[PDB]
Every structure is written in C-alpha cells, then in structure tokens.
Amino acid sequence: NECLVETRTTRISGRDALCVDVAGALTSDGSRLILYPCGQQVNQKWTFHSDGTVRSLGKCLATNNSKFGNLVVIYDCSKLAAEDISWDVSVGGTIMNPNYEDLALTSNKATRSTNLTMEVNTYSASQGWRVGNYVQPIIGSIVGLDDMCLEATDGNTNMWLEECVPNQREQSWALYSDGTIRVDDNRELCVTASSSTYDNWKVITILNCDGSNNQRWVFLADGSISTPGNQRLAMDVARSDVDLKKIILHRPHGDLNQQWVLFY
C-alpha cells in the first residue's frame, strides 16, 4: 500500500455505457478505435502509465492533426511525438491532450462501431467518459432538500421533488459513464436542462438522450450535481421551495437547495 501508482490496467466507458475498443483488436500503427459493447477483450483493456500515456495492445493512444486529422488512433510510443500521446483525465469525465486545448475525446454518434474523434470541447454528453473497470450504470435515488426524492413526472417528461417512497419506479435513476442521468424505466430518456426558464434560469426536464451539453452532469464532492467544465452551473430546487415543482440550473453557491445525495 503506497501513494505512488506506476501503471494501472482498467476500462474506459463513454456514451450509452459503451466501451473504448481498438477496432477488431488490430495491432498496426494507425489502427483506429471505436465505441463497442463492453467485455473482457484485450483490446478494451487500457493501461495508464506514469509518463502520461494510455495504452492498449502495448501501443499508445494518439492524436495528430497533420497525420490522422480528426481521428483518434493507436500508435508506437517510440515513433510518435511525445506531445501526441500524452493524456489527462478530469473528474468531470473529460479526456484530453494538454497540448490540444480546444479539443476533447468525442463519439459523434451513440451507435456502436463509430470511429472516435477529437472534436471541439463543448462539455457534451458525447465527450463524457468514466475511467474505471466497472462500466455499468449506477442505479439509485437522488435525494435533495427535506430528504425528498427527485421524481420523473408527467409520463417521464418533467422532474421535481416528491416524498420518497421505497421502490417507486419513477424515483429510480441510472447514472451512465457519459455523465447522463437517465430514467431507470426508460433508458432513452435523460435529465436535461430546457430552453424553458424560471426566474431567467433553465428549468430541468426529461428529454430523449441526444448526447448534447444539456444532458451531462457530474456529482461533485461539494454535494452538487453540476455541469462539467468552466462557467459551471448546479442543479437546484427553486427558492428552496419543493411546492413550486421546479428544479432549475443555477449559479453554484453550495447552499441546501443545491445539495443532493445519491442513495444507491
């Protein structure tokens, strides 16, 4: 037991709980990587090294606009430039190269076998990743003020606080590796920040999961349910008043109406 960890072999799961997969287990320099259903396959095993590289099949994950354009690929650590194979993982689920600051690891589609790319970082739910060996959605209740539970109301189209009822289906949420919070009874449906407003703040509702930057959330150590990246906002119970039936997206202040607990 030691506070320096040298290398670690784990998995990376992203959009729609799918995994980062080196396409058809290919070993060649320039073999491209795709989103694919998670399994124990060697090409879904990713090893992180203290040098900052992230590797499968003994080769390094890499991005270079001159050589590969927009596409993310595995390539030899000896051959490639040290700039192009170094990586950073953030608590909010962003995987990115420190040299290519505007860009972030992306899956432009939710479907399997889709080539992974380095797009412009909008902190979108298609740019959200969980590094870790447990890839499954984490299912629980989400508890706010007055020990009340978030409930999916109006045929899974709105969201607000109700008195907790154990094993009520509409009070169960599934937290996915992409940072989406999804209706347990319908996994095509995401907690989303709407265009509709209350007191000039976006109201939170349930819409179809579309991989936007309105449907990516991170549970932080401060007890907030927040948007990733800068210009951060938090989920909050409007006016600390459960009777308003309105959850809105507010500037973070860490008060009770912005505090939540995952009851798993």
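Position 1 is the first residue in the sequence shown; the rest follow in order.
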Higher average CA B factor in the deposited record is what I'm after, so tell me if that's 130 to 138 or 93 to 101. 93 to 101
Could you check which stretch, 210 to 218 or 29 to 37, carries the larger mean CA temperature factor in the entry? 29 to 37
In this crystal structure's PDB entry, the residue among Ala193, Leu175, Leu71, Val183 with the greatest CA B factor is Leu71
Out of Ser226, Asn230, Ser56, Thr53, highest CA B-factor residue: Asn230
Quick tally, chain-level thirds of C-alpha B-factors: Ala23 sits in the highest
Split into thirds by Cα B-factor across the chain's modelled residues, where does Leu145 land: lowest, middle or highest? lowest
Taking only the Cα B-factors deposited for this chain, tell me whether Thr47 sits in the lowest, middle or highest third. lowest
